[PDB]
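Undergrad: need coordinates for the below:
(one chain, ligands or ions: 2)
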Amino acid sequence: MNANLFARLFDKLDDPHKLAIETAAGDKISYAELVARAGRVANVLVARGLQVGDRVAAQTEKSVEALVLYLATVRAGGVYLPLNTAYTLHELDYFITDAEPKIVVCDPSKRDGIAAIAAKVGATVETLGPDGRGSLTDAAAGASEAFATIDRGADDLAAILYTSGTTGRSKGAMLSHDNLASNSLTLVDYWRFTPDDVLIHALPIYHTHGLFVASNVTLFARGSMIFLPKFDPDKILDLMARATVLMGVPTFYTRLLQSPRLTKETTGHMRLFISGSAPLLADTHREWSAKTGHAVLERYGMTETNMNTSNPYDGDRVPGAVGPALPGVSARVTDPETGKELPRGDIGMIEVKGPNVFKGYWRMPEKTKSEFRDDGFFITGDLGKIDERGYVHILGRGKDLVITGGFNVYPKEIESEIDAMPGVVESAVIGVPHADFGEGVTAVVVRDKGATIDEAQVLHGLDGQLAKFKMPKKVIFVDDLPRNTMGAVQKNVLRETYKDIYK
Ligand SMILES: Nc1ncnc2c1ncn2[C@@H]1O[C@H](COP(=O)(O)OP(=O)(O)OP(=O)(O)O)[C@@H](O)[C@H]1O
Ligand SMILES: [Mg+2]
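TA: Residues are numbered from 1 along each chain as shown. Ligands and ions are numbered 1, 2, ... in the order given. Below you will find the coordinate block:
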């Protein structure tokens, strides 16, 4: 009855020699082998000063060794803290100072620089490279495989993941053993994962999607995964003939749609395509079904909440919607201010509650308090509505709402109109200060190479479909939209870039 995620996963292992992970080089690792690797690394953590509750901060390229470090940290009663591989030394200083890890694991090439930061909190530094080699690996080579998995309670911490930083400086979400186990166990059943599943895993593992959703679901299900270092369209297509599931972000799908190899035949062996982490556009959903005959299953989650909602595996998968609340999870829509729940169909603030919901922000009890309602619901900061069937629809982030001339203007329906115009790839509608209207609705648009469509053409096209107060005051064409490492459009960046256009 140990609640320790590692114990939930592996204490009882009925089929130990079954495949768990195939590496990018084609090496194969069984469940028993994975467990033994984690035992060695857990012993290394203790030998390097880990005490129960200590954080282990890890910035490494993706590898099975890096995944093992996650498992071992949890197993040893530590708190795993993955960090975006792109963070610079200076950025890392903030996270290391905030979290005060006892151990920091980094790429061999950064050891000297990171050691300086680590010394500020007295952390021990080990290394792990893209090839799975380094001081961590040397230490594990002589360590014992046997390790008594540490007793942990449901609410004890297993991890701290920093948010993606879309709306400001990343905050450290404190995730418990039960947060992670309850969510992944629910998903195994809800998505019907079985030991026969083979998951193509091409996502980063410093983010909740690639780290927890991909790994924990597979591992609980006793299925396996195939690692790829990053999104590679041709390698992903190659693997579909011998895999059953792909978890991706919308950019995976729009990029795969550009391959002439993406056909019914090429995807015919696959069971399920899942999309998450950013909005899957309804047009993208329809394009995928038109080209491949598969209905993409989209789900919605956050760093702070793990997965909240999902389109059903055995029900209607609705373009533009993220599905009803998962089993065990409650979702509602409230008046953003007052907090009163709204009638089904009304747009407002999405709030969630459940065993998936985190314990708060690391050493930010005040900001934690402001993000929870009195009755324990968490304010997502996402605006949307819940339809008559209980499907949640996300309209945008609260900060993406544009208030202009006294009106609430929701950008997505404008973007949908612009996207539908011939010559348009995609568009982002934002608001920036305007002296006459409060904010000026501004359309930032990516067009096809050689497309003729221009500003006047775009505004005229909208004129006959859109209320006057919703009309963009100008259209700005760009080579591409700014996106973070997980493929999300950064409207924060756009608002900053164009803040002065109406000055
Ligand atoms: N399927 C989806 N459809 C629409 N939006 C989504 C979906 N999945 C995730 N999102 C958006 O991503 C957010 C979760 O992102 P994440 O936890 O990676 O950090 P972030 O919110 O982007 O960064 P920060 O919290 O630092 O501002 C959600 O709150 C939601 O706005
Ligand atoms: Mg957020």
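
Undergrad: looking at this, residue 443 is in a strand?
TA: Yes: read with DSSP: H, G, I helix; E, B strand; the rest coil, residue 443 is one of the residues of a strand.

Undergrad: who touches residue 251 in this structure?
TA: 231, 278, 483, 487 (Cβ atoms under 8 Å, 6 or more residues apart in numbering). (Each C-beta comes from the backbone N, C-alpha and C, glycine too.)

Undergrad: the host helix or strand of residue 414 close to ligand 1?
TA: Residue 414 is part of helix 411-419, with elements assigned from DSSP states H and E. No: for helix 411-419, no contact with ligand 1 is found by Cβ under 6 Å from any ligand atom; the gap never falls below 9.7 Å.

Undergrad: residue 335: which of the contacts of residue 251 is nearest?
TA: Among those, residue 278 lies closest to residue 335 (Cβ to Cβ), at 26.2 Å.

Undergrad: what helices or strands is the longest helix anywhere in the chain leaning on?
TA: Assignment by DSSP state H gives helix 31-47 as the longest helix of the chain. Taking 3 or more Cβ pairs under 8 Å, 6 or more residues apart in numbering; DSSP states H and E as contact, the helices and strands that helix 31-47 lies on are helix 5-10, strand 19-22, helix 64-75, helix 135-142.

Undergrad: among these, which is the most enclosed?
TA: helix 64-75 (a mean of 26; mean count of other Cβ atoms under 10 Å).

Undergrad: not counting its own residues, what contacts that helix?
TA: With Cβ under 8 Å, 6+ apart as the contact definition, helix 64-75 has outside contacts at 4-7, 9, 21, 23, 29, 34, 37-42, 44-45, 56, 58, 60, 79-80, 82, 105, 128, 132, 136-137, 147, 149-150, 158-159, 177, 205, 211, 215, 227.

Undergrad: ok, now stretch 261-273?
TA: With Cβ under 8 Å, 6+ apart as the contact definition, stretch 261-273 has outside contacts at 191, 197, 234, 237, 240-246, 248, 253, 256, 288, 291-294, 296-297, 313.

Undergrad: hmm, 6 Å instead?
TA: Stretch 261-273 is contacted by residues 237, 240, 241, 244, 245, 246, 256, 292, 293, 294, 296 when judged by Cβ atoms under 6 Å, 6 or more residues apart in numbering.

Undergrad: ok, stretch 207-226 next?
TA: Where contact means Cβ under 6 Å, 6+ apart, the residues beyond stretch 207-226 that reach it are 9, 19-22, 161, 180, 184-185, 187-188, 193, 195, 197-201, 203-205, 239, 247, 276-277, 303, 486.

Undergrad: just the buried ones out of those, please.
TA: Buried members of those, scored by 16 or more other Cβ atoms under 10 Å, are 9, 19-22, 161, 180, 184-185, 187-188, 193, 197-201, 203-205, 239, 247, 276-277, 303, 486.

Undergrad: need the next SSE after the host helix or strand of residue 160, C-terminal direction.
TA: Counting by DSSP H and E, the element that carries residue 160 is strand 157-162. Using DSSP H and E, the helix or strand that follows strand 157-162 towards the C-terminus is strand 172-176.

Undergrad: give me the residues contacting that next one.
TA: So strand 172-176 is in contact with 155, 157-162, 303-304, 358-362, going by Cβ under 6 Å, 6+ apart.

Undergrad: run the last query once more with 7 Å
TA: Here strand 172-176 makes contact (Cβ atoms under 7 Å, 6 or more residues apart in numbering) with 98-99, 154-163, 303-304, 358-362.

Undergrad: next: stretch 184-200.
TA: By Cβ under 7 Å, 6+ apart, the surrounding residues in contact with stretch 184-200 are 18, 212-214, 216-218, 220-226, 236, 239, 242-247, 271-272, 307, 310, 313, 326-328.

Undergrad: check which residues of stretch 332-349 are buried.
TA: Residues of stretch 332-349 classed as buried: 332, 333, 334, 336, 342, 347, 348, 349 (neighbour count, 16+ other Cβ under 10 Å).

Undergrad: give me the subset of those residues lying in strands.
TA: 332, 333, 334, 348, 349 (DSSP state E).
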